[PDB]
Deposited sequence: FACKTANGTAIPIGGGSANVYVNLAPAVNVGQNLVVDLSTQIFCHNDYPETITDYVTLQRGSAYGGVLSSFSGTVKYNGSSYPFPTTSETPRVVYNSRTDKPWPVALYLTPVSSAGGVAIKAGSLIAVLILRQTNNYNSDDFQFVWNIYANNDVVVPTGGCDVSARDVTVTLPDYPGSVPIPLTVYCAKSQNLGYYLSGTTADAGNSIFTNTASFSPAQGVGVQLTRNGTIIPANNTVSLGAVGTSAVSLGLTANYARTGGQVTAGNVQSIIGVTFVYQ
C-alpha cells in the first residue's frame, strides 16, 4: 500500500502533503479542498491482500481554518468535521492509482466573508487508520495537509469575483467603472455597504490617503447608476442567486474643498456584504 500526490510524488509518524485548492461556495456548505484530485493510492499485492483505509476521529482543520467547523465527505458519505468517530473504510484492491475520495467542507457562518490562505501553510491535520483482510496489521498515521497555492476560502453563502480590486481613474477629472460582481450558492436577500476614511461630514467622499506626492483638494466618490453611495449605507441588491450580479459601482473624483493641486490620488475602500 502506497499513496502519491497529483504530482506523482510519493507520500512518505507523519507526512506533509501539499495540495492544490479551489475553494468555493456550495449550497449549505463551502468547499475547502477536494482531495480526490490530489491524493491517489494503490494496492501492491491485490491478488492476495485487500487494503482498508479509514479516517480516524480527531481529524480536523489546522492553521487559520482550525476555528471553523464543517463536514468531510468520505467515500460518498458525509460526516461532521472535526470527526467524532471513525468513518467506514475505503477499499484498495488494485495496482492502478485510485483517488482518496475525500473532500473537506466548511459550514457557512458569514454572508460573503473569506479567509485568506497562503501557500505553504497548514490547512488540515488528518488521521488515517490502515488495516487489511490478510493479517492483524493495524496502524495509524498523520497527514498534515498544506496549501500549495494562495487562495481565499469563502465562509458565507455568497462569494465575490475578486477579493482585492485595483482600479485606475483617468487623470482628473474622469471616472472608471469598478469591476466587481457577487453571486450566491442559493438565492439570498443581499446588500452591501462601503467603509473607509471619509473627508466630508456627509461621509460621501473618501479621503485622498496617497503617501507619495499627494494631490490636494480632491477625494474619491463612488456612485451607482448615477447615485452617490456614502460610507456605511447599505445598498440593497434584492435577491441574489447563482447568476453573478454587479455591485454597479463607478469611481469618480470629487472636490473636498479648497484649491485643487497636482499629485497622486488614492483611496482604499472596503466592501462588506450583509443579509437583509
property: Deposited positions without coordinates, collected into consecutive stretches in sequence order; result: 13-15
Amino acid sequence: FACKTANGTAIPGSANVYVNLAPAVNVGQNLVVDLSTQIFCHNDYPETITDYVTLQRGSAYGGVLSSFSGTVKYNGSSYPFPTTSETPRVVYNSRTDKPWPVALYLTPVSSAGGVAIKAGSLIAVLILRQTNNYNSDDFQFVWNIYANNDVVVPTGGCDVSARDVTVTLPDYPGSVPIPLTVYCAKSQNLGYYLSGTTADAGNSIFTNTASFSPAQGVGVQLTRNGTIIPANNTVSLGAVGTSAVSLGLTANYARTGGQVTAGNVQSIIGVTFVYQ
From here on, numbers count along this sequence of modelled residues.
| item | value |
| --- | --- |
| Of 128-136 and 196-204, the one with larger mean CA B-factor | 196-204 |
| Which of 208-216 and 240-248 has higher mean CA B factor, as the PDB entry lists it | 208-216 |
| Candidate residues 79, 172, 105, 100, the one whose C-alpha B factor the record puts highest | 172 |
| Third of the chain's Cα B-factor distribution that residue 91 belongs to, per the entry | lowest |
| Third of the chain, ranked by Cα B-factor, where residue 50 sits | middle |
| Ranked C-alpha temperature factor of residue 159 among modelled chain residues, by third | lowest |
| Third of the chain, ranked by Cα B-factor, where residue 58 sits | lowest |
| Third of the chain's Cα B-factor distribution that residue 275 belongs to, per the entry | middle |
